[PDB]
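Here the protein sequences line up with chains B and A, keeping their order. Here the first sequence stands for residues 7 to 106, 109 to 130, 137 to 448, 462 to 502, where the numbers follow PDB author numbering. Here the second sequence stands for residues 7 to 106, 109 to 130, 135 to 449, 462 to 502, where the numbers follow PDB author numbering. Using N, Cα and C, we set each Cβ at its ideal position, and we do this for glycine too. For reference, the structure is listed below as C-alpha cells.
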Amino acid sequence: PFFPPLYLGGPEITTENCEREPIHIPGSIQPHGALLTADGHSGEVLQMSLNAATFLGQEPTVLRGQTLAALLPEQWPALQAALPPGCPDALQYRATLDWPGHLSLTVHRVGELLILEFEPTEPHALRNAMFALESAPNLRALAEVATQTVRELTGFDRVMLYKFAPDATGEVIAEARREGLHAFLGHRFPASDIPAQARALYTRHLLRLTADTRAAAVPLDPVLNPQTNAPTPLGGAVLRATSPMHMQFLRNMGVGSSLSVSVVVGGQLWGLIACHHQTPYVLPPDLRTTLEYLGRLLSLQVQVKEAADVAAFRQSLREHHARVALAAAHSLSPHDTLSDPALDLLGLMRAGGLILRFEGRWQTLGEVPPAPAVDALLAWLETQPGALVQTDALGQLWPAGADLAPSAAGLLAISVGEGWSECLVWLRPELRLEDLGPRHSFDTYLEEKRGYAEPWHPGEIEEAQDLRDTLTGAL
Amino acid sequence: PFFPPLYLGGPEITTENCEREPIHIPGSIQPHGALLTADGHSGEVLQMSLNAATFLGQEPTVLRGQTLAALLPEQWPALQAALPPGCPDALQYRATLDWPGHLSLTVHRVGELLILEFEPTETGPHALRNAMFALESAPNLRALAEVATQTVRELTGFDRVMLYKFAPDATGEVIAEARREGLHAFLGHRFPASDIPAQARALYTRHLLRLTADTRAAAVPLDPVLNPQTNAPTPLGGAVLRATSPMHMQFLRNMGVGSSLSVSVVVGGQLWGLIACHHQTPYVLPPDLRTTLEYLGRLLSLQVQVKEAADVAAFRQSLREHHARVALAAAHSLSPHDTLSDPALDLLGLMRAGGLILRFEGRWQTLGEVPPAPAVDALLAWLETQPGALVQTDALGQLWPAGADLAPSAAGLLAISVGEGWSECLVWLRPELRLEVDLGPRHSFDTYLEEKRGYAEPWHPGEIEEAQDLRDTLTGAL
Ligand SMILES: *C/C=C1/C(=C/c2[nH]c(/C=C3[NH+]=C(/C=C4\NC(=O)C(C=C)=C4C)C(C)=C\3CCC(=O)O)c(CCC(=O)O)c2C)NC(=O)[C@H]1C
Ligand SMILES: *C/C=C1/C(=C/c2[nH]c(/C=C3[NH+]=C(/C=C4\NC(=O)C(C=C)=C4C)C(C)=C\3CCC(=O)O)c(CCC(=O)O)c2C)NC(=O)[C@H]1C
C-alpha cells in the first residue's frame, strides 16, 4: 500500500518503509531539462517546472495558462494526432524544436493530461551490434556483447547486465567496466534493493536515468494538477526526479550518474541493462534512443538465446539419462552401477551430495551429512507422498534437518519403486558466493539465503522424474 | 533436391520445376552496387563483380589477387576482428568508406570466404523512435500491422507496402496494406505455397532482408564465377546485392513492379511473415535507410508475438464467457434441443460456423446453413464410425469421400459427442472457402482458390479446445 508523497504531508522514506514510496509522483524533475504539462483537449498549459521559464526563454507566468497551439504551432497538430485521447501512457511522441537553441521535445499522454519533456539536443555501431547480438551463441555471450556494446556507445564507466531471478533477487550476469574499477560481476542483490513499485514501473516504461546524483530536484508549479487537484503521474517521464532513497544508494557507491534500460520478455521484467558513471553524465536524447532500441533488440534476443540454451541443456540431460539407463539394464549390482563415477549420478543433477538407497540399505556418493543424520533423513523421506520430492531448503520443509544444511541444504529425491524403500536422493550444499550500499546488500542477500541452496532447474526436475520411471524398469 | 545453377550447365528454371532453383548461388549481383570476395585468413581478393573495377576507380586485374590489408588499411583490421573465423554467415559488419565518393561497405563471412558488398551512400529524424512506440502501444495484431505498413511507407516512400502473413499451411495472406492513392488493392488477397518456394522461405529465415532495385536490369556476373579456394559456387545467400531469381523478377515485371524489397518477420525461429514492398519504378533504397527497415523488421518480430499471443488470449477469454453462458442454460434446461437451438445462446457463434447439427434423444435438428435432409442422416451415420469424443477437419470431403457433394453447406467440420458414442452429439459445420477482390497476382489468387477446393476456414485451436471443454460440460447436463 503506497504512502503519500513528501509534498502531501507524507512520511519520511526510511530504509524499513521504502517499498511503499510513491516514486511515480515526486512532483519534481531533474535540472538537466525542463517539463510542461498541458490539457489534452485544449492544449492549455497547466503545470510547469520552475526552471522551464529559463530553459525556453519566456517568463514564468507568460508560459502558464498559455495554449500549446500558440507555443508549438507546427508541433501541436502533429503531436495531438500522434497521441489519441484514451491512448496509453506508454506511447511516446518525439520531435526536435528550433528555438532561441535546439531542443528535444518528448511527449506522452496520461489520459486527460499531456506531459511534455524538453532537453537540449542537436554511425553503424548499432547495426553491427544488432547483428552481433543475433549471432552470439548463448545467453552469456549475448549479455557480454550487450554490456560491451552499450559501453562502446555511451562511454559509461560501468555497464552491467542485471538479471532478475525467479525469487525477485538480482544477479550481475555480465559486466563491462573501466580499467581500474571494482568488479560487480557475479554479485547478487536482494528483492529489497529494487522495490516492487519500481519493478512494476520499469515493466511499463523501459528507461530511466539519474544524470546527477547530488543535484537538487526542480519542483513543479503548481505541484498538483489543476484538472483534478491530483498529483502529476510522472512515471513515464525520463526527466522524473529519481527517488531520494535510491539517489543515496548511488552516492554511497560513488556513482555520479545512472541509467538503466528494461529488458522485458513476454510482459515480464527479465532484467536491466544497468549503467553507472562515476561523475555526473547526461546522455543525449538521440543516443538514449539507441539504448532503447538495444533494450528491445536484446529483449527479443534474450528470449531466443535463453530458450535455445535451456533446449541444449535438457538435450545434454537426455544423453546423460540414457547413458545411465544403458548401464541400469546391464546391471551387475544396483548400488555398484550407480556409485560408478563413469556414470556420474552427481553430475546429472549437478549435486554436492547423493544418497543411493536399495536392497534394504543405503550408500552415499560425494559430500553428505553424517551417518545417523542420513538415517533420520531417509526415515523422514518415507513420510512424504508422491514419487518425487523437491526443495531449495530442506531445513525449512524438515525442521530436524536444519543442522544438515552445510552438506545438504537443497534436496531433489525420487523413489525407484513406489514407497521409499528403494530410492535416489540428490543433495546440494548451502549457497555461498564471491549501512546503505552494495557491500551491505550483498551481505544481506547471503543473509536472506541462510539454509538455502542453488535451486533446481525445471529440466533437472523433469529428467529426474523420467529417470524415476526408467529405474522402476531396471527391477 | 536443388538443381545446379544456370552457369554450371543447370536446367531451365520453368514454372513447374522452380522449387529446385539454387537461388543462393546466381554468381551475379545487381548493378546498383559492386561485390568483392576475399580469403578469410589472408585477405587476398579472389572474386570480383565485373562492374567493381569501375565502382572503385581501379583496373579489373589490379584489384584481383590484391590484399584487403592494402586496399582497406583502416577497415581490414577492425573488419577481421568483427567477423571471427568460424562465426556464422548471419553476422554482418558494416562501415562507411571515404573514396574517389562515399561508399557503404557491408561484410559477412561464409566460413573460409569473406564477402564484401559496396553500395554508394553518404531524413528522417525521430520517425523510427515514434514508430517503435506506436507499434508497442498498438492494441492488436491488425492495428500493429497497419502501423507497420503505414510507417514503412512513410519512411521509404514506397508505392505499396504490404504485410504478408504466412498461414500454417505455407500459403500467404496480405493482412495489411498501405499503398499509393490510385493503385489496385491487394488487401485481403491470398497466395499459395508455390509463389514463395521453400528454398526462399528457408533463406528468408536466415537473412532478414532482400531487394530487387530494378526488375528489368541485367545482372552483373562474378569473375571468376567459381571460388578459387574450393572451385565451388559462391554462396551469396546473405548478400543484399545478390541477383534476384529471374523466375521471380518475371513475376514482379508482370505486376508492373519496377523495384521490390521485403523484410522478414521472424518469430521464434519461424518465418512468420514478410513486410513486402513494391515500387512501380526502379528504386534503390539507401543503405542507411534499409537499416531502419531491418530495425522495424525485428521490432515488429517482437511485437507481432506480443500482440498476436495477447489477441489469442483475449479470444479464448471471449469463448470461456460464451461457454459458461451455454452451461448456464444447459443446467436450467427445459428441453435439450430447444435450449441449444435458442439464438440467444448462439451455438453457431461460439465456433463461428455456417452450419450446426444438434443431435439428442434419438433424433436430430439443424441450425443455420446445412446439407439436405438425407445427407445429414448419411453424415450422422458416418460420425458413429469415428473413434474418440472429438472429431475435426478443414475438409470433410477428403476424410469422408461420400460427403464430397456436401461441401457448399458443410466443407469444414468440428464435432463432439455429448455422451460417449455418437447417439447424442453436437456437430458444427463450415461452408467452403471463398473470397472477393498465367504467372503473377491474378493467376496466383485463382490458383490459391483452386488449391482450396472443398476446403473451409480451419478451426482455431482455442475453438477446438473449448469444444472439448463444452463436450465435458454437456455430459454433466444429463
Ligand atoms: C528500501 C528501498 C531501497 C531502494 C529503493 C529503490 N531502488 C530503486 C532503483 C534501482 N535500484 C537498483 C539497485 C542496484 N544498483 C546497483 O548498481 C546494484 C548492485 C551492483 C543494485 C543492487 C537499480 C539498478 C535501480 C534502477 C535505477 C538505476 O539504474 O540507477 C528505486 C527506484 C528509483 C526511481 O527510478 O525512482 C528505489 C525507490 N534501494 C535500496 O537499496 C533500498 C534502500
Ligand atoms: C515456380 C516458382 C515461382 C516463384 C519463385 C520465387 N519467388 C520468390 C520471392 C518472393 N515471392 C513473393 C510473392 C509475392 N509477391 C507479391 O507481391 C505477391 C502478391 C501480392 C506474392 C504472392 C515475394 C513477396 C517474394 C519475396 C521478394 C520480394 O518481395 O520481391 C523467389 C525468391 C527470390 C530471391 O530472393 O531470389 C523465388 C525463386 N514465384 C512464383 O510465382 C512462381 C513462378
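Next item on the list: Indicate, with yes or no, if ligand 2 has a heavy atom lying under 7 angstroms from the CB of A:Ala-288.
Entry: yes
Notebook entry, point to check: Assuming B:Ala-501 contacts B:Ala-343 under a Cβ cut-off of 8 angstroms, what Cβ separation, rounded to an integer in Å, is found between them?
Noted result: 7 angstroms
Check: Can you tell me whether DSSP reads B:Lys-476 as helix, strand or coil?
Finding: coil
Notebook entry, point to check: If we cut at 8 angstroms on Cβ distances, does B:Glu-127 have a partner in chain A?
Noted result: no
Check: Using 8 angstroms as the limit for Cβ to Cβ distance, is A:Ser-276 near chain B?
Finding: no
Next item on the list: Rank A:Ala-427, A:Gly-409, A:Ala-44 and A:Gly-380 by C-alpha distance to the C-alpha of A:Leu-402 and give the top, closest one.
Entry: A:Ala-427
Check: For ligand 2, is there a heavy atom less than 7 angstroms away from the beta-carbon of A:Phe-8?
Finding: no
Check: Can you find at least 3 beta carbon pairs, one from the segment 256-273 of chain A and one from the segment 286-294 of chain A, that sit closer than 8 angstroms?
Finding: yes
Notebook entry, point to check: chain A beta carbons: is any one of them nearer than 8 angstroms to that of B:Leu-297?
Noted result: no
Next item on the list: Write down the C-beta distance between B:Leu-113 and B:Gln-86 rounded to the nearest angstrom, noting that I regard them as a contact closer than 8 angstroms.
Entry: Not quite, the Cβ-Cβ distance comes to about 13 angstroms (not below 8 angstroms), so this is no contact.
Checklist line | Euclidean distance between Cα positions of A:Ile-208 and B:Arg-228 | finding: 59 angstroms
Checklist line | Proximal chain A residues relative to B:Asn-23, where beta-carbon distance stays under 8 angstroms | finding: Under the 8 angstroms cutoff, chain A gives no residues; its nearest Cβ is about 34 angstroms from B:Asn-23.
Item checked: Min CB distance B:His-138 to chain A below 8 angstroms -> yes
Notebook entry, point to check: Between B:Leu-463 and the rest of its own chain, which residues show a CB-CB distance below 7 angstroms, the 5 nearest in sequence each way excluded?
Noted result: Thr-21, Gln-262, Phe-263 and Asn-266
Next item on the list: Using 10 angstroms around the beta-carbon of B:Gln-98, count the other beta-carbons present and answer buried if the total reaches 16, otherwise exposed.
Entry: buried
Notebook entry, point to check: Going along chain A in order, which residues have a C-beta closer than 7 angstroms to the C-beta of B:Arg-141?
Noted result: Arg-100 and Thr-303
Checklist line | Straight-line gap, A:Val-449 to A:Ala-188 (C-alpha atoms, nearest Å) | finding: 14 angstroms
Note to self: Runs of 3 residues minimum, wholly inside the segment 250-322 of chain B: which ones carry the beta strand (DSSP E) assignment?
What the structure shows: 271-278 and 283-291
Notebook entry, point to check: In angstroms, rounded to a whole number, what distance separates the CA positions of A:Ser-313 and A:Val-279?
Noted result: 6 angstroms
Next item on the list: Along the alpha helix (DSSP H) that carries B:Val-164, what are the first and last residues, could you check?
Entry: 153-168
Check: Across which residues does DSSP place A:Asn-239 in a beta bridge pair?
Finding: A:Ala-244
Next item on the list: Just the C-alpha distance for A:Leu-441 and A:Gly-268, rounded to the nearest angstrom, thanks.
Entry: 41 angstroms
Check: What's the gap between the Cα of A:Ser-347 and the Cα of B:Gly-250?
Finding: 56 angstroms
Margin query: Taking its Cβ as the centre, do 16 or more other Cβ atoms sit within 10 Å of A:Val-173, making it buried, or is it exposed?
Written below: buried
Notebook entry, point to check: For B:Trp-394, does the three-state DSSP call read helix, strand or coil?
Noted result: helix
Note to self: Relative to the C-alpha of B:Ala-407, which candidate in B:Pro-465, B:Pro-233 and B:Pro-482 has its C-alpha closest?
What the structure shows: B:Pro-482
Next item on the list: State yes or no: is the beta carbon of B:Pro-247 nearer than 8 angstroms to at least one beta carbon in chain A?
Entry: no
Check: Which same chain residues, not among the five before or five after B:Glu-306, have their C-beta less than 8 angstroms away from its C-beta?
Finding: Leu-220, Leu-221 and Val-275
Check: Any C-beta of chain B sitting closer than 8 angstroms to the C-beta of A:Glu-481?
Finding: no
Checklist line | Cβ of B:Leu-312 within 8 angstroms of any chain A Cβ | finding: no
Note to self: Any heavy atom of ligand 1 closer than 7 angstroms to the beta-carbon of B:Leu-264?
What the structure shows: yes
Notebook entry, point to check: Could you check where the alpha helix (DSSP H) with A:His-349 kicks off and where it finishes?
Noted result: 348-353
Next item on the list: List the endpoints of the continuous beta strand (DSSP E) containing B:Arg-495.
Entry: B:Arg-495 -> not in any beta strand (DSSP E); alpha helix (DSSP H) instead, spanning 485-499.
Next item on the list: For A:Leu-122, I'd like the list of residues in its chain whose CB is within less than 6 angstroms of its CB, leaving aside the five on either flank, ordered along the chain.
Entry: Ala-44 and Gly-46
Next item on the list: Tell me whether the beta-carbon of A:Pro-294 lies closer than 8 angstroms to the beta-carbon of A:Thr-129.
Entry: no
Notebook entry, point to check: Counting along the chain, where does the beta strand (DSSP E) carrying A:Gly-400 start and finish?
Noted result: Unbroken run through A:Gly-400: none, as it is neither H nor E.
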